[PDB]
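K.L.:
One structure, pasted below without further comment.
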Amino acid sequence: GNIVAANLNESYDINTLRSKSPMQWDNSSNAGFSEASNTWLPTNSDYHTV
Ligand SMILES: *[C@@H]1O[C@H](CO)[C@@H](O[C@@H]2O[C@H](CO)[C@@H](O)[C@H](O)[C@H]2NC(C)=O)[C@H](O)[C@H]1NC(C)=O
């Protein structure tokens, strides 16, 4: 699903940022997309079940 668009300090169209959320692999931190502390966009919060 879409995410609620946070503000980025890079120039992005926030009307379309909802569809560019990171891919949801296994239920780790950042849904297995990264092992960093924070990603460039927030992961959707339903990644434990989806
Ligand atoms: C743009 O990025 C963040 C917000 O997305 C700005 O704020 C910093 O965010 C980091 C992330 O944890 C904090 O640790 C800092 O305390 C924040 N404040 C700072 C660095 O003053 C960040 O400032 C912005 N960067 C720009 C405008 O270059």
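Following the order of the structure tokens, first chain is A, next is B, and so on, with residues numbered from 1 inside each chain and ligands from 1 in the order they appear.
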Residues at most 8 Å from ligand 1, using only C-alpha atoms and all ligand atoms? Could they come as a PDB file with N, CA and C atoms, in the first residue's frame?

P.N.:
```
ATOM      1  N   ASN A   7       8.158  14.644   4.565  1.00  0.00           N
ATOM      2  CA  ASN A   7       8.906  15.654   3.833  1.00  0.00           C
ATOM      3  C   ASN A   7      10.362  15.232   3.686  1.00  0.00           C
ATOM      4  N   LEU A   8      10.882  15.361   2.472  1.00  0.00           N
ATOM      5  CA  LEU A   8      12.273  15.062   2.186  1.00  0.00           C
ATOM      6  C   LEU A   8      13.023  16.368   1.992  1.00  0.00           C
ATOM      7  N   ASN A   9      14.308  16.367   2.323  1.00  0.00           N
ATOM      8  CA  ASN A   9      15.164  17.502   2.028  1.00  0.00           C
ATOM      9  C   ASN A   9      15.845  17.368   0.674  1.00  0.00           C
ATOM     10  N   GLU A  10      15.328  16.493  -0.180  1.00  0.00           N
ATOM     11  CA  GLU A  10      15.592  16.467  -1.607  1.00  0.00           C
ATOM     12  C   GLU A  10      14.308  16.822  -2.341  1.00  0.00           C
TER      13      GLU A  10
END
```

K.L.:
Please identify the helix (DSSP H, G or I) residues within chain A (assignment by DSSP from backbone atoms) and present them as an NGL selection string.

P.N.:
:A and (17-19 or 29-32)

K.L.:
Hey, can you spit out that residue selection with C-alpha atoms as an mmCIF file, in the first residue's frame?

P.N.:
```
data_model
loop_
_atom_site.group_PDB
_atom_site.id
_atom_site.type_symbol
_atom_site.label_atom_id
_atom_site.label_comp_id
_atom_site.auth_asym_id
_atom_site.auth_seq_id
_atom_site.Cartn_x
_atom_site.Cartn_y
_atom_site.Cartn_z
ATOM 1 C CA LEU A 17 6.049 9.821 -3.174
ATOM 2 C CA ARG A 18 3.411 7.458 -1.726
ATOM 3 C CA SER A 19 4.091 4.756 -4.345
ATOM 4 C CA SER A 29 14.293 -3.636 10.582
ATOM 5 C CA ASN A 30 13.196 -1.614 7.518
ATOM 6 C CA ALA A 31 11.410 -4.816 6.328
ATOM 7 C CA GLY A 32 14.668 -6.355 5.156
#
```

K.L.:
Near stretch 33-35 of chain A, counting only C-alpha atoms, which residues have an atom at most 12 Å away, once you skip same-chain residues fewer than 4 positions from it, shown as a list in words?

P.N.:
residues 21, 22, 23, 24, 25, 26, 27, 28, 29, 39, 40, 41, 42, 43, 44 and 47 of chain A

K.L.:
Put those residues in a file: N, CA and C atoms, as a CSV table (one decimal), in the first residue's frame.

P.N.:
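As written to disk, result-v2.csv reads:
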```csv
chain,number,residue,atom,x,y,z
A,21,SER,N,7.7,3.7,-1.8
A,21,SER,CA,8.1,3.1,-0.6
A,21,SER,C,9.0,1.9,-0.8
A,22,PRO,N,9.9,1.6,0.1
A,22,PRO,CA,10.8,0.4,-0.1
A,22,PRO,C,10.1,-0.9,-0.1
A,23,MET,N,10.7,-1.9,-0.8
A,23,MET,CA,10.1,-3.2,-1.0
A,23,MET,C,10.2,-4.0,0.3
A,24,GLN,N,9.1,-4.6,0.6
A,24,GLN,CA,8.9,-5.3,1.9
A,24,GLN,C,9.3,-6.8,1.8
A,25,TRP,N,10.5,-7.1,2.1
A,25,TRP,CA,11.0,-8.4,2.4
A,25,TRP,C,10.7,-8.7,3.9
A,26,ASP,N,11.4,-9.7,4.4
A,26,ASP,CA,11.3,-10.3,5.7
A,26,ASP,C,11.1,-9.3,6.9
A,27,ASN,N,10.5,-9.7,8.0
A,27,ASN,CA,10.1,-8.8,9.0
A,27,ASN,C,11.2,-8.3,9.9
A,28,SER,N,12.3,-7.9,9.3
A,28,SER,CA,13.4,-7.3,10.1
A,28,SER,C,13.3,-5.8,10.2
A,29,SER,N,14.3,-5.1,10.6
A,29,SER,CA,14.3,-3.6,10.6
A,29,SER,C,14.3,-3.2,9.1
A,39,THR,N,16.1,4.7,6.4
A,39,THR,CA,16.1,4.6,4.9
A,39,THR,C,15.7,6.0,4.4
A,40,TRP,N,15.8,6.0,3.0
A,40,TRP,CA,15.5,7.3,2.4
A,40,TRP,C,14.0,7.6,2.4
A,41,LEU,N,13.1,6.6,2.5
A,41,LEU,CA,11.7,6.8,2.7
A,41,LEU,C,11.3,5.8,3.8
A,42,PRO,N,10.2,6.1,4.5
A,42,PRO,CA,9.8,5.2,5.6
A,42,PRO,C,9.1,4.0,4.9
A,43,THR,N,9.3,2.8,5.5
A,43,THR,CA,8.6,1.6,5.2
A,43,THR,C,7.2,1.7,5.7
A,44,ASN,N,6.3,1.1,4.9
A,44,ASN,CA,4.9,1.0,5.4
A,44,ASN,C,4.8,0.1,6.7
A,47,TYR,N,4.4,-4.1,7.4
A,47,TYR,CA,5.3,-5.0,6.9
A,47,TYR,C,5.5,-6.3,7.8
```

K.L.:
Expressed in Å to a single decimal, how great is the separation between atom CA of residue A:49 and atom CA of residue A:20?

P.N.:
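Spanning atom CA of residue A:49 to atom CA of residue A:20 is a straight-line distance of 19.3 Å.
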